[PDB]
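Residue numbers (PDB author numbering), protein chains in the order written: chain V, 448 to 496; chain P, 47 to 130; chain G, 1085 to 1133; chain X, 301 to 349; chain A, 840 to 888; chain D, 401 to 497; chain Z, 1080 to 1128. Idealized CB from N, CA, C, for every residue including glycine. Reading through the structure tokens given below for one structure.
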Amino acid sequence: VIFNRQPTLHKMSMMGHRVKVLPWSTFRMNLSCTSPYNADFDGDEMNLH
Amino acid sequence: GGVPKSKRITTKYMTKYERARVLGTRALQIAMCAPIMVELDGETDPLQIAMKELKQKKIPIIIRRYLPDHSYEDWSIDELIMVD
Amino acid sequence: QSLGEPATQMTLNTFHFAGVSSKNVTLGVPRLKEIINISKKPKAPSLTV
Amino acid sequence: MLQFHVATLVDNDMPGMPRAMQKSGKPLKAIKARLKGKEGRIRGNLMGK
Amino acid sequence: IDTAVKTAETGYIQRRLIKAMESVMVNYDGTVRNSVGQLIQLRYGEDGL
Amino acid sequence: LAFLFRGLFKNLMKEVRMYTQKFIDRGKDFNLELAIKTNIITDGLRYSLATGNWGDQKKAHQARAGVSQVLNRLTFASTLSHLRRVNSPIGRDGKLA
Amino acid sequence: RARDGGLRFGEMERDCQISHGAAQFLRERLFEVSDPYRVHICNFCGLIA
DNA sequence: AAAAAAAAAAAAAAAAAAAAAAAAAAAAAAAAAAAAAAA
DNA sequence: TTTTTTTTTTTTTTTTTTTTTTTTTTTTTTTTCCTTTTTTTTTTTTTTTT
RNA sequence: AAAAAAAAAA
Ligand SMILES: [Zn+2]
């Protein structure tokens, strides 16, 4: 899948990922991916294609 | 505008943009029940078979590279050399 | 994209400024605006002689 | 009146010309208003569908 | 205040920069050309790397 | 609300003037209760409080928007903060700091 | 969400998908899964037939 | 009991800041053509 | 009686002012309100008269 | 179902 945070500033703001299906209801990603996405985990919404 | 084989001036090395579309087109072909050119060891996802027969350079794709003067060079898969 | 992405990060040095030289200089993103737009009148023209 | 109706069918934002008065207190949204804009047919429906 | 005012012209600058250079591509002869085929650089970054 | 009442009272006087001028040129008298259209003031205040566009309904494009807002009922502090809010008339697009 | 609408694949997504060099993902997200259509065109006149 | 005038209901109608490019008008020196004085 | 010398009249640019026009980050979620209206003409109705 | 406005999230 393709994983995207808005606003898109550079090339690494939407990247490929592999789906692991997990129980609860939020898109759980790794922590090292916080730097390219500029994510903060404080209510950030993020898109999947 | 077919450039002859001795007169080809493009690079002899498959870059990632050729590799992605060759792998995708070959995976779509294997998924649409084409014959598989190599042996099998239990792989079911046809993109894995696409890499597996890309390693032995046994994929029947002619890449038509377009020069900016609207001329084209035809390169086979086995004429190119894999790098990753 | 690799030139417009640093433009979002051109505000972290806003504070802790006092000024040592009294020379009119445009700094930051509007100075970038003066070079992208090719302004025939810059805000702070200066010669280094 | 015919020239006014033709032009405000085509273009409604040109200054110096009376505005095409729609019923609900709004101006007419002409073809230029459909095409030109961030939310128009080019940027909002063709580059960004 | 500095975070709000700027963000608009930074995004406008990013859109202008990405629209001025959206079709500049390294070609198969190693040269760098735009959409019209006009030559820009004989090698990308003057070294082709 | 005083400015709104000025506008609606001027419109009411204009409507009453038009009615009594229509009924004075025929030489007949008129009734005061039929002369006053009571929907003018009520409809104008109701529209300018429900919508928030602060002026005439036909000419709401020249009027300020967002003067009247829906009261925020999420917490008691949110209601108290909405009841003690001050808005600057400068639009939210100024590059000046 | 209330009208069951899709996500906005905006201009910056197109920008960085150009930056990735992925033509097929762009053709998918901007023609295949948004609004495909087939039209019949006269060869001599080039208009809709 | 039949014909005409005034009143009321129903239906159509029109009423913000910035920056660059182009157009315009007063001016102003330059250059070619026409009229006058003198040898 | 012809040549130079002054005057005139266009001619092209210059320069400044004015006018015009176009632009203003990306995505997402909730409500509220309106999506006519008074004026003029036409048609029907009701009352009155001979 | 459309259009406009307002309140917000990153
Ligand atoms: Zn045709």
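Of all residues in the region 844 to 876 of chain A, only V844 come within less than 7 Å of chain D when Cβ atoms are compared, listed by chain position.
The DSSP-derived three-state label of Z:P1115 is coil.
By the neighbour-count criterion, in which a residue is buried when 16 or more other Cβ atoms sit within 10 angstroms of its Cβ, V:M461 is buried. In this structure, A:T842 is the residue among A:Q853, A:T842 and A:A847 with its C-alpha nearest to the C-alpha of G:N1097. Assigned with DSSP and collapsed to three states, G:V1113 falls in helix.
CA-CA distance, P:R110 to V:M476, rounds to 40 Å.
Using a CB distance cut-off of 8 Å, X:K349 counts as an interface residue toward chain Z.
In this chain, the alpha helix (DSSP H) harbouring Z:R1093 covers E1090 to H1099. If you check the C-beta of Z:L1126 against ligand 1, you find a heavy atom less than 7 Å away. As a beta-bridge residue in DSSP terms, A:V865 pairs with A:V871.
Within the same chain, and ignoring the five residues on either side of A:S874 in sequence, the residues whose Cβ sits closer than 6 Å to its Cβ are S862. Among the bridge pairs identified by DSSP, V:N494 is matched with V:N451. Under the 8 Å Cβ criterion, the region 433 to 447 of chain D counts as touching the region 405 to 422 of chain D, having at least three qualifying pairs.
Listed along chain V, the residues sitting closer than 8 Å to G:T1092 by beta-carbon distance are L456. For the region 54 to 66 of chain P, residues whose beta-carbon sits nearer than 8 Å to a beta-carbon of chain A comprise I55, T56 and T57. Remark: the C-beta of Z:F1123 is in contact range of ligand 1, defined as less than 7 Å to any heavy atom. Interface with chain A (8 Å Cβ-Cβ cutoff): P:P114 is included.
Residue contact check for Z:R1117 against chain V: no CB pair falls below 8 Å. By the neighbour-count definition (other C-beta atoms within 10 Å, threshold 16), P:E119 is a buried residue. For A:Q880, DSSP records a beta bridge to A:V871.
Assigned with DSSP and collapsed to three states, P:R111 falls in strand.
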